[PDB]
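The chain below stands alone and is given in structure tokens; this is the form deposited in one PDB entry.
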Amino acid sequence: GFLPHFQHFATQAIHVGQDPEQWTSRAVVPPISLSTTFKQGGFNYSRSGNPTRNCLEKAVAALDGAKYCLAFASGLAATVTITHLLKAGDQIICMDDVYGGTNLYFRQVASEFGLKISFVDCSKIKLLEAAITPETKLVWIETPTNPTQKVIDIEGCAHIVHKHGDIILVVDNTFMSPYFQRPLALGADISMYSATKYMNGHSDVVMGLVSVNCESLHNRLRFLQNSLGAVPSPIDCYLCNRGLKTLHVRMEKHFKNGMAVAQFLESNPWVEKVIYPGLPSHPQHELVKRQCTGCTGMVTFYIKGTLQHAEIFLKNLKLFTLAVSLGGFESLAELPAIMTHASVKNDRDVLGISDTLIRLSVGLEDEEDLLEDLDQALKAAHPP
């Protein structure tokens, strides 16, 4: 009962921006144009625009259902560039469980330059409307959140935010990818990604992506892409565009493997709790089906016992690799308390990042091998 799959997604991922008539050679794959500058006697300077990045941006825009897309050197760089749309005296409302890097940037950096940052549980209408002031210019939401996967009603959020006037709604769509969730179709003003994760999907490109429909909002972002210069390499653009060509077949396998991993973990006697949007046990599972076409490979769970049991489990994994990041073809496992949020503690506790919290990025390996790896590692821990 998910939202129907987006039409022409695979076709557009392979063809949009890739027109061979763009090149004198009529190459079916766009060349990698490294050149920093161009003869005048189109393009003038690589930072302002270059063929390989433009092809990628055009492709991503179609996959987001957007008119425009802007590529950046990283997801955080995309976040920083979006925030430069504002001015001193503006207010930002940010979700209380956003990605750690987003939280850190708003709290310790953006707040230094006349921007007021308010962290709100945007799952509650009373708290979001109470936080909106005439100074509110930006609402930053992520869904599902990293790493506890709280889910936000995007269209409900947009309705609340957009009756208050001149407010931009950003959805960090990193966990879902545009194959499973289209925030712009749901009322968001900006669909933002860490392409470092699923979009590229091959664990070899750091990149951010920002898709938009509004004309003035696009021009303001395009100005900051060139003027701040947090631009991606044309080679990274090529590699990310290459990764996009398999996004549909990758994400479907992430869905299949992720669901199987989540169901196996939830029935495992050494697992205390599982958080996976595809499971009926997820508190927002019905909302997930209303606003998504499927689910990703990110599976979050709590192991029974203590930190010692989480450590024994993690150290006995042989296929899941103990590492940060996510969204690649390879399965990863991570303990957020020691690996990402090691500096955070009191905010950990309200957000549930405990000693037994484990986040899995379920990859594309054979399902039976992933389940077996989890099975033997959990038996090694065998907590009470």
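Note that residue numbering follows the sequence shown and begins at 1. We call the rigid core whatever largest set of C-alpha positions still superposes within 1.5 Å between the two forms.
The protein also exists as the form deposited in another entry; that form is not presented, and the subsequent description refers to it.
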| property | result |
| --- | --- |
| Of the candidates 150, 197, 250, 182, the only Cα that travels 2 Å or more between this form and the one not shown, given a rigid-core fit | 197 |
| Core-superposed C-alpha of residue 112 shifting 2 Å or more between this form and the one not shown | yes |
| Is_shifted residue 99 between this form and the one not shown (CA, 2 Å cut-off, rigid core) | yes |
| Rigid core superposition, residue 267 Cα moves 2 angstroms or more between this form and the one not shown | no |
| Distance trend in that other deposited form - C-alpha atoms of residue 99 and residue 356, change of 3 Å or more | closer |
| Cα distance between residue 272 and residue 99, which in that other deposited form differs by 3 Å or more from this form, closer or farther | closer |
